[PDB]
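Trainee: So that we are looking at the same thing, I have put the structure below in structure tokens.
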Amino acid sequence: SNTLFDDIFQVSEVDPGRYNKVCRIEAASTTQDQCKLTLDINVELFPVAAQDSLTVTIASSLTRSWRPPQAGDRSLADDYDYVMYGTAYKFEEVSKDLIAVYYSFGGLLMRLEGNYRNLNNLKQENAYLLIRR
Amino acid sequence: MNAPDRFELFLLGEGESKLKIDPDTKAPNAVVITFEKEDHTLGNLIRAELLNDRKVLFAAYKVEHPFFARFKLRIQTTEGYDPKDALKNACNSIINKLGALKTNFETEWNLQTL
Amino acid sequence: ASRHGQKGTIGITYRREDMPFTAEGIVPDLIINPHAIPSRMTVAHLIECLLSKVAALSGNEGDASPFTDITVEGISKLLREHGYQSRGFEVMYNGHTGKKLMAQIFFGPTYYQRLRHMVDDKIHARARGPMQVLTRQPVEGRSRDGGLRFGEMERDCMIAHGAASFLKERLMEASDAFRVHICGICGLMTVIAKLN
Amino acid sequence: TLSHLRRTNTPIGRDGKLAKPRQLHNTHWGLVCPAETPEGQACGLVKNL
Amino acid sequence: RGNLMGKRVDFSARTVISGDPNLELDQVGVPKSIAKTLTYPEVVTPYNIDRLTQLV
Amino acid sequence: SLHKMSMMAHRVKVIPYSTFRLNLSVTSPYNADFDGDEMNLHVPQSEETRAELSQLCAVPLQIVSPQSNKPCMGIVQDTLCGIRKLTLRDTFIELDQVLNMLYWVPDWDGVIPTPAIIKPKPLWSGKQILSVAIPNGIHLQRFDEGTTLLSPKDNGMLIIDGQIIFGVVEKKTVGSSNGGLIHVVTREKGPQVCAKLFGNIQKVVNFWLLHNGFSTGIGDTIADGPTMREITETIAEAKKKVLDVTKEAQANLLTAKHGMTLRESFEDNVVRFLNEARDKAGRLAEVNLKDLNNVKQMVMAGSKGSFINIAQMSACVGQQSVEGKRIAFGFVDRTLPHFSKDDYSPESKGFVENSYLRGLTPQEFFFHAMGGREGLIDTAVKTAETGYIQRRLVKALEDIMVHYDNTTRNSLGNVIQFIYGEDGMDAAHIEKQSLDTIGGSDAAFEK
Amino acid sequence: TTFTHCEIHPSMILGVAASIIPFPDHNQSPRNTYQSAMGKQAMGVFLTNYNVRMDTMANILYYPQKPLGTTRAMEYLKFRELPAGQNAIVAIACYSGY
Amino acid sequence: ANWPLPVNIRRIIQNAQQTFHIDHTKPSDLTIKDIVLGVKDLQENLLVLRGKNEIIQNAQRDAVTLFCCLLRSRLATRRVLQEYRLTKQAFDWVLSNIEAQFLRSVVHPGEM
Amino acid sequence: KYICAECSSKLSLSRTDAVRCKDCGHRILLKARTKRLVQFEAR
Amino acid sequence: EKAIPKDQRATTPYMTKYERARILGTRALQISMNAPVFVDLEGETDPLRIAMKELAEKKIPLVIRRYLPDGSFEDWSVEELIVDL
Amino acid sequence: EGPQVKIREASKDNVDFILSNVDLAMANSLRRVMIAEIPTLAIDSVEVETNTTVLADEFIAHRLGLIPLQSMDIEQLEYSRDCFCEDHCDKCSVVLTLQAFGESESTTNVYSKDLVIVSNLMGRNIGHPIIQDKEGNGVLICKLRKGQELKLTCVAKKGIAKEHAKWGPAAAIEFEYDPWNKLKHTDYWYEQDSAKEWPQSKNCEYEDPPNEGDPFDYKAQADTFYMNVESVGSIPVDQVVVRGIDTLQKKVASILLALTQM
Amino acid sequence: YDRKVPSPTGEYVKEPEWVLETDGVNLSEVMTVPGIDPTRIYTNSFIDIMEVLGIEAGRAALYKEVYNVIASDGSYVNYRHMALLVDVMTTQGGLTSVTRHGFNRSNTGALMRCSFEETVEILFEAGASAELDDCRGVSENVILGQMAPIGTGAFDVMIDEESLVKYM
Amino acid sequence: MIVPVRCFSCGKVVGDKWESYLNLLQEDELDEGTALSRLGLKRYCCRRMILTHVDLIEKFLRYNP
Ligand SMILES: [Mg+2]
Ligand SMILES: [Zn+2]
Ligand SMILES: [Zn+2]
Ligand SMILES: [Zn+2]
């Protein structure tokens, strides 16, 4: 129930892929070169352009009947601009030095490749991804 | 040769209740209300009004078959809130909105000479 | 059936409220699944519908002869001049809730014919009706309160299903049934049996 | 009624599986309707002018 | 081949078929008239004696 | 009753109408099309018969067809198109419609799946809502020719624990496919669970289509000006090539294929060139059409249609073949009176260069009518031939049955096979599987 | 360049039933044949004296209507005077799945 | 390589992994000798002909030769330990499920 | 009880009587509608 | 002599689907004819459901005669048969 | 305040207005009740005493059923199935008589005005045939030749369009919202340009055209529904909408009463 | 034609070999021609295969032809059905064609063959030969209106007098 | 026979204007579309209902009965 990954990613290129509502954006971390992330984003709700810096975080705290907030007093990790829910379904090793994790946010594909420091990610259904512009 | 009774669509049959409320075991504080001899007209409006209420959690209306004039509304609210009270509040709000709309339409028609 | 070899049986009857309505409030008299068009290669039906819409809007009867000089582009241009979508697509609204349909609906008048084949005269049911004197089996023909025929292909299909009991009942209980006496030495049905 | 009054029949038996007579020859152009014809055993034998 | 391999049946009905998305895979709609004409010989038992009496 | 699955047990549901009503899927095993088809209902008259029908021949038990050891009955054209549209990555559903779809599923557990998008607003993807119908514990992993983990086109299919990880559902996934979702669900869960899944998917897809809508029209069959120009240019190039080949043949400069005579070789070459031109025109039309096109979307769904249908509707009808050859000279060296003698040009030999959209010239119309008549006669004769063949096969194989010693014997007791299919396994349970030992190199096998 | 003869109009090659089909060329030939076969079974006014005609089986359409798009050969066939069918507003869509 | 076969081992393995929640981190509890013995017992337990004679036993072994080859190809020590990470309980469950499915897949006597 | 197809005049003939119209030679001899009350609904 | 002893039976011990259907039908027919019921009924009246419950509890006293093509038959009690379905 | 009505235009049997601050479901339900749930008076039973026209008794009865009838005081009238009466009492039905016959060489045209009310309306302006044509003849019913006598009685009962379309008080109820594609509810089918292919709707002038600069408004909801109600003639459009609202409110009140009783 | 052959590396490789197709059927002498591979020589006509190679070779050729014709249109049928068909067509010494001159000429039940095209001739033949029918066939039981030894009817159901007492 | 009382699609009453339609076509010699527009038929459903109708009642009345 705490943040596991947090980074700043600059988008190298955006490919609509024939989908007007959804697009695919590939970005690289501004701190670690080996860290890369290619994610499907619903540009209609969260428009994204090339050469844009986005703060991407992964949290495990927002069966499990979903409920509306039903009140403005309720607060959580909502200090972002685009929050999605997905499930990890694949972990692979590249060059015996990098780890790539695959997430499926309701049919939106994401692949995040990084160093061994990304071991916090686990093959669990509970996985929230938040992006701040 | 055996077409359905057209009047029976909107007329209650012998020994038939207009509303049938039963509990739902799928989720806590969930109820199923079967409306007889009713169409999408009332079900959709009631469900839309219910969804506009913060306390109401789930409100879904289903028509089993076009042949039978009947539908089922599944309503689930928060703990300590009786679904029947939520339905009554939604119906009262619908009545108030309809009355306000009627008054506005009457005033507009009276204002216009034509 | 339309005038293009399309034969259809009504699936459900909806009142004018339930059926979708166009932006002008027009509720179609008929709704046809689009899947009938591609497989049947019946492109003429859509062109006929477009021409009928153009004629109705203009009021002048349209010429639908085979080798007419007019083309689809001209009909679409006329329809556009009549304040409608060129290709005949029209925005429609769901009658159940009023939500606009995500995909626009091809719409317009078209000629249809009611074939003599009707269910009222094509529905039959038998329950121990009259039987032919020759074989003591159900007579043929619904008008004469006949019975259905258990075909040989149906027989082998049931044999494949393995329902031996069903076949025995169908061919010995639901059909002609007789009880006959046979000797244990000559094995011939010619046995004098006074039950009384 | 109009189609029936202008109908043509072929004495060849409705049975058999010889497609050649059933097929309409190129000579039918302008004399026999290419499309109007029954479907089934009688197909290719009953012709409408 | 006309009366032994294939023979007419008493308890059976025939009629047109129409699609119905609101029916289960193993569930088939049946006209009320056909249901009335077609019958099943259920034997009287204590378990359903009341139901059979009501049907009668 | 062409096949075994043409007679199945159904549970009666009394309705106030004079027409039998059955599930959409069961149309496929019955080969029904609701264009006036009349079916028969037989009521059992004993407890034995009722039990045998319920346990031996029941629709849930008949899903897997022993004829091709794959599910013969699957999703239907309209439901297939609806589910394909629903599963698109760009398809998002509002809270109201999501709740209604969840309620429609009779066996819905009761917990609302969490939205795929949270901060903007609660949105559920089509895959998430569809997964509720799929029971938990279902794993499917199909990769097409160009399918990877990050499938750019959303091709293939990956479903884990009853949740659709990704992929667009089509006929190869949920339709009558050996490795499809239906087959694996039946093998793992069972027949009743498979029937429940069919019902849930059909209801959800029908509701989504009703609240979404789908249609087809004239504009779908029309292509932009550049596409028509390219198609015309390709047709002209094909005609020029055919003319050059004919001129070469006239000057006896063409070498006839070995064995095949000169006339037959020339006819085969012309037919091949015309078919290639028609295929190129169809490909140009298909690439011209976009995903928004209704006909293209339906064809991609796999519900019906094909490349030939689109090509003929928008690009080119193509050559008309009668008796496996072009239109013969019915008159004296003339296909039609409008052509002079010794006219071997494609237009005079049954070739149609105009699609149904633009129309057909009277000669093209007559050639198409001849082709249609040939097809109708072929069907009318082949149906009877196939029925007679099936009758003979059934009579020959009527007495063969498998006994408790796992030997297929006839009435006389002669052993046709000491083992049923040389395996003794049930036809339905058989499924296509890959053997790793056969494939792979020596180094791969070692490692 | 000779063309000793010419057709008055190609559409006349069609028969009585085929001519009723709008744009037969735009449609596939098997569909045209099916339409021609089915047209004989369409219910409509067959004669104006059906009141006095004691036919074995007669079907009369309540409100016969002429098609919006009629082939020029229909007037010769007098189909407009005795139409068999009606013009209905068709929507090509899968609304309820029925 | 793709041919008809009675039961899909891949689906059984996937179901076992999903239900038992096999983790690639913890070392597998399986043993080479244990795996070999389990595979041999599974192969011997598959019966399509049951007769206490040489002819019937030979026929039974011949009938299931292809399926035995499939099991050896799939239930290999390298694959079980390298490609898969099944544990003792998971491996036993997989063996039992494979045996049960194979027995169910046997042709039902009396089928036409 | 009966009317003529052409004359459309009542005859009221009885049994064992000629079925030919008295006014003309035509013998269609149509019958008038029943006097029993008849009711119809627009449904 | 044709009858085979209880042991040394070459037939499959597992219950066959045809055998299960036949046993269910026979049990339902017997129950419908006021036959004794060996399993307590918890508000159940459908003969088929009662037969299914009896088969699940292996309370059905019926037998199966596996008939070989030659003529020999093997007896199998319902209790010993294994129901995979 | 609640929802307000802005009547863009009004006419004798056609009113176009705008509804604001109203949910889409509420507007759809209002349209449904207005098209189906509004009580109306129409001919239900037809008794034939002497008919010899070329037409058929069922045909003419069906034609008569569709004939509009005045229903301004329909609320005062009670359903026949409700009141305790033997058959079509004056308190629950309206009785009219149709009489006609041809002559030497002039065909007799039967119109709505030919119907004559025979029952006692007790001073209620209900059941009168609706006449709107300039000539004033009414709805043509049939044509009688010399010697063709038409004589029948018509009984009209209170009813709703759901039981039969003849009771429909409104012919076409146009309902539109979101002229400009602001909510992305519809994906316009386009081949070259979506804007060019699809002409702008008439109501588009009443809303600000969208600006490409701003992003999509995901919080926007359906609002400002343009509704045009046309009346067949039995009830004026204003009274049509008023009665539809009344019927919907009565149905909701009946639901509440059932809930309270149960 | 490209043939899949074991490459030295162990993985199947495509070898573009040459194959000769002939419009005649004279396998007896063609297979004797030196310079070809008689082991893999195949003939379309299964009759020649049976005459030259043997009954098993004829059955294999018939099965391959059936598979080819079935798969010509793309339809797939399980191998077991084709194997059973070829076995029944070859269960006898030679190849029994599926006609009134083939399996219908066997010594099966008289009534079973009666249901085929030949109806009264078979009855006369049985009368002359006094043929005995064991009524083990489907047609015999169907005509007699009795439960055939098929699936449910293959076995019989009895009552245990010892288990019933304890079950009570 | 006679013009339908109400439009099949929407239900608008169209039987009143059939005589007016004929008068406009004959007396004023106006085109079909202009006459229909003058009568007050906007939706093409009523337009095709009026335009496509055939007066078979007159033909039936041509007979003596
Ligand atoms: Mg059909
Ligand atoms: Zn007279
Ligand atoms: Zn009263
Ligand atoms: Zn209208």
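To match Swiss-Prot, the residue numbers of chain F are left as they are there, and the shown ones run 449-895.
Cβ coordinates come from backbone N, Cα and C, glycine included.
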Trainee: Select, from F:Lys533, F:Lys695, F:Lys843, the one residue given the annotation ubiquitin cross-link by Swiss-Prot.
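Mentor: When Swiss-Prot is consulted, ubiquitin cross-link appears for F:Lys695.
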Trainee: Looking at F:472-484, F:511-523, F:797-809, F:810-822, which one does Swiss-Prot call region 'Bridging helix'?
Mentor: F:810-822
Trainee: List the same-chain residues at least 6 positions away in sequence whose Cβ sits under 8 Å from the Cβ of F:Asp481 (Mg(2+) 2 binding site), in sequence order, or say none.
Mentor: F:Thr475
Trainee: What is the one among the binding-site residues F:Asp483, F:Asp485 whose Cβ has the most other Cβ atoms less than or equal to 10 Å away?
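Mentor: Most Cβ neighbours within 10 Å: F:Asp485.
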Trainee: When secondary structure is assigned with DSSP, how many helix, strand and coil residues does the region 'Bridging helix' (F:810-822) contain?
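Mentor: Summed by class, the stretch gives 13 helix, 0 strand, 0 coil.
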Trainee: Tell me the Cα distance separating F:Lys695 (ubiquitin cross-link) from F:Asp485 (Mg(2+) 1 binding site), rounded to the nearest angstrom.
Mentor: 54
Trainee: Recorded positions F:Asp481, F:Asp483, F:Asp485, F:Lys695: which sit with Cβ under 8 Å of a chain A Cβ?
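Mentor: Checking chain A against the recorded positions, no residue falls within range (Cβ-Cβ under 8 Å).
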Trainee: Kindly point out which of the recorded positions F:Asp481, F:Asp483, F:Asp485, F:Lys695 have a C-beta less than 6 Å from some atom of ligand 1.
Mentor: F:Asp481, F:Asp483, F:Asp485
Trainee: In whole Å, how far does the CA atom of F:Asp483 (Mg(2+) 2 binding site) lie from that of F:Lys695 (ubiquitin cross-link)?
Mentor: 51
Trainee: Near F:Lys695 (ubiquitin cross-link), how many other Cβ atoms are within 10 Å of its Cβ?
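Mentor: I get 11 for this one.
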Trainee: Listing the recorded positions F:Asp481, F:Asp483, F:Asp485, F:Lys695, which lie under 8 Å (Cβ to Cβ) from chain E?
Mentor: F:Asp485
